[PDB]
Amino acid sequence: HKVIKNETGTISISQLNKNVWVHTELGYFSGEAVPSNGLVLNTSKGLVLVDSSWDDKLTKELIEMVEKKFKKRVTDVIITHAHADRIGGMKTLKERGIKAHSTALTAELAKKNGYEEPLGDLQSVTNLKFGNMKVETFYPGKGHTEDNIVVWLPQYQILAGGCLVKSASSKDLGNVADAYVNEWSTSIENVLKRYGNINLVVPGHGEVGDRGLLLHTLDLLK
């Protein structure tokens, strides 16, 4: 259990194992602190993030923290849906020549929310390799948003569930303004059906757990 932080504590990275870390940032909204999780992947050919952060201020500092820790550059990011906590650092990414991967739909919705457009290069099942690190993206259907995807790391059996999966502490689904609450259950079932061997599940917000987080989210939807 190893967490690196900036001095304020607004940005932290937590070790799941040597090459996979959770990044978490606090964005403040009407006096209220909200954490958001993504992943940091340490690969032979650079660093890969799953999701950016609330804004460019945080995204830029996040990048510098990880580039210093691992002594190499952030080359790619995978955007799991078009909300601010996921997509708010797009300008930082473009400015630094960091490729922003997404589904066409996510790219479409990003444009329509006024954000810079990610690549729209991902299909519903896409396998990527960065150095020796394998990354699978999967669209399970509508849930938290229309466009939400999950990121699977087959070599670690680690699932970045994003906001499709709630933490164990969550007692409601949170922000459902853009959600499809009647399809969300099916969409989690598609995840459960596809990955029979989940060791860790990282939710969009809150503590890392395991396969249980997906069952908890199903309860929250009943």
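Sequential numbering from 1, following the sequence displayed.
The stretch with the higher mean CA B factor, choosing between 117 to 125 and 139 to 147, is 117 to 125. In this entry, 64 to 72 has the higher mean Cα B-factor, the comparison being between 64 to 72 and 33 to 41.
When all modelled residues of the chain are sorted by CA temperature factor, residue 197 is found within the highest third. Sort the modelled residues of the chain by CA B factor and residue 101 lands in the middle third. Sort the chain's modelled residues by C-alpha temperature factor and residue 190 lands in the lowest third, per the entry. Annotation for residue 81: C-alpha temperature factor in the lowest third relative to the rest of the modelled chain, per the entry. Per the deposited record, the Cα B-factor of residue 174 falls in the middle third when ranked against the other modelled residues of its chain.
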